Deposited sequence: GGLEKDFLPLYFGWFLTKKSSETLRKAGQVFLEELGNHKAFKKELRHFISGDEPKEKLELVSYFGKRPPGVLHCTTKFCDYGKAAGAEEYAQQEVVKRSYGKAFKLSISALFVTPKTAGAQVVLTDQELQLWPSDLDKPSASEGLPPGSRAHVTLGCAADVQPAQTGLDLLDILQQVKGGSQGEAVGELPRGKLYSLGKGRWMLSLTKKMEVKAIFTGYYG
């Protein structure tokens, strides 16, 4: 039997709507914020409406990917699929904790903090991940720029989590209704939610 395109936690319709709108509000507020406007030259090289900037968005249900498999063509795919914990967890319900919303010149996303139980489902094959605890890459993609490729959001999140690793977040340059707004430079932005969002999701496989 051939594997799916990827395994992951697929949010319920309820949660998807909640997270998508939250993400949407973040883009609208961020783009309207003075601290962001005066940094536009570090974001693009040419007022920017971020909702349109991130034109490529998930068509429907949002998800948090664990392992990209490419129907078995991806390295370590077969080995990930064969694990008991994956076959056992298939179809099960989980609660994912969203800790922050972030934006870079390439992607917009939400940071997921996995529990130890959920970390069991994280693959164990990057230089970015160096220093950060496994699963730091976990995320939900909300949108990307026109010519941005898959897997970029995870790479973007890791990079941001490296800046914070060196206590270089800088003071919050503003307050939004949901939390503190941080400017990380090079077009990178992070909203650390005051209260973590919880989303219900089902762990399963997507076959395209």
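**Student:** Could you list, start to end, the deposited-sequence stretches with no C-alpha atoms?
**Tutor:** Comparing the full sequence with the modelled residues, the uncovered ranges come out as 1-5, 52-56, 136-138.
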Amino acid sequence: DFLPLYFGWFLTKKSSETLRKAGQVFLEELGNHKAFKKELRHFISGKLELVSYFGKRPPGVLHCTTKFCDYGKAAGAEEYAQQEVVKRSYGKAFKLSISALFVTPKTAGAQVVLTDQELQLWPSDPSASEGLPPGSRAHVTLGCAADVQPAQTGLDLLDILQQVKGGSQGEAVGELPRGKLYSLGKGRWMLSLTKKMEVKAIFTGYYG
From here on, numbers count along this sequence of modelled residues.
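**Student:** Would you determine, from the values in the PDB entry, which of 137-145 and 26-34 has the greater average C-alpha temperature factor?
**Tutor:** According to the PDB entry, the answer is 26-34.
**Student:** 113-121 versus 128-136: which one carries the higher mean Cα B factor per the record?
**Tutor:** Averaging CA B-factors over each stretch, the winner is 128-136.
**Student:** Relative to the other modelled residues in the chain, which third contains the C-alpha temperature factor of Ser16: lowest, middle or highest?
**Tutor:** It belongs to the lowest third of the chain when residues are ordered by C-alpha B-factor.
**Student:** Sorting the chain's CA B-factors, does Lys67 end up in the lowest, middle or highest third?
**Tutor:** As the PDB entry reports it, the C-alpha B-factor of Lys67 lands in the lowest third of its chain.
**Student:** With respect to C-alpha B-factor, does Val61 fall in the lowest, middle or highest third of the chain as deposited?
**Tutor:** Middle third - that is where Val61 ends up once the chain's C-alpha B-factors are sorted.
**Student:** Based on the deposited C-alpha B factors for this chain, I'd like to know if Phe54 is in the lowest, middle or highest third.
**Tutor:** Middle third of the chain for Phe54's C-alpha B-factor.
**Student:** Which third of the chain does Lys106 land in by C-alpha B-factor: lowest, middle or highest?
**Tutor:** Its C-alpha B-factor belongs to the lowest third of this chain's values.
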